[PDB]
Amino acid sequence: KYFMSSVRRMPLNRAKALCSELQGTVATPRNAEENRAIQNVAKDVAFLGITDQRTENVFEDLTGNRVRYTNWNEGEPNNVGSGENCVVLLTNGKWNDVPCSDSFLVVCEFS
């Protein structure tokens, strides 16, 4: 896997469109090593290709596969506000669930 980060922030829908444009997908860390690689390419909080949109508290990648490795920040995922179904990788490498409508950088993944 190759990981590339965007320079501008955008909502999840636009983030997916960007990675898909070059035939990749939004980065989904499968272990601690990939998590670090993605963190390093991201210069700020960035979207990961994980959501619990289909079923609340059931986090899966953009292809519907349930995720095994997780690296949630203490207190997360909390689904606050009116709901948070998308996921971002914080600058310390931990994860936070956020509104998919909010704007963040995006790290795309390619094979």
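When you see a residue number, it is the position in the sequence shown, counting from 1. Rigid core here is just the name for the largest C-alpha set that superposes within 1.5 Å across the two forms.
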query	finding
Stretch farther from the shown model on average in 8 other deposited structures of this protein, with CA RMS computed after core superposition (84-92, 11-19)	84-92
Rigid core superposition result in 8 other deposited structures of this protein, more deviant of 67-75, 53-61 by Cα	53-61
Mean Cα B-factor comparison, 70-78 or 45-53, giving the higher one as deposited	70-78
Selected stretch [higher average CA B-factor]: 99-107 or 10-18	10-18
Member of 27, 58, 86, 62 with the greatest C-alpha B factor (per the PDB record)	62
